[PDB]
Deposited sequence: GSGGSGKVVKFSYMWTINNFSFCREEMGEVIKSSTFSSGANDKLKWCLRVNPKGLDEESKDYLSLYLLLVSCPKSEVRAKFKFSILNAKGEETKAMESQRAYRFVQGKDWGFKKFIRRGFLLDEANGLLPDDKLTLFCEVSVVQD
């Protein structure tokens, strides 16, 4: 059984900067099992304070083993995937486990308007999850 699904997360007014190092924003829950995304706009910790950290969390309790490959990307103004980062294998998700990237994208890259990744100051993240069971 293969189940692939996605979620698009729009974070408005991203430049507002009301989340300090270690602080988190969580997305609404989604499914194809319930999942959510968690982002640290100023990094998970001191070694990552210069990056957005981004994680996929399994919220619900599965009945059988869940392994998932995941890919996170940023959508530009044309809706195209850019700066994608993909898990190098399927990871085991149990209830309450997250997996992701502590250094998903540089804050100083994302925040510079010229790179075009915050159109109307909106950060749009796209998460694709391929579940095998």
| query | finding |
| --- | --- |
| Unmodelled ranges, which are counted on the deposited sequence from position 1 and given in order | 1-6, 39-43, 145 |
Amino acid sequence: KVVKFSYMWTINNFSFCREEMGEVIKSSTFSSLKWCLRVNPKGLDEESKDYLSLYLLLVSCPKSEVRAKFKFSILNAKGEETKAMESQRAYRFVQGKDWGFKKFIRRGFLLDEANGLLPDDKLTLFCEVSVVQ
From here on, numbers count along this sequence of modelled residues.
| item | value |
| --- | --- |
| Mean temperature factor over C-alpha atoms, higher-scoring stretch between 53-61 and 77-85 | 77-85 |
| Out of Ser48, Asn40, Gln95, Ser28, highest CA B-factor residue | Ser48 |
| Chain thirds of CA B-factor: placement of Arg67 | middle |
| Chain thirds of CA B-factor: placement of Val129 | middle |
| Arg107 CA temperature factor, ranked by third within the chain | middle |
| Position of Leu118 among the chain's modelled residues by C-alpha B-factor, lowest, middle or highest third | middle |
| For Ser15, the third of its chain into which the C-alpha B factor falls | highest |
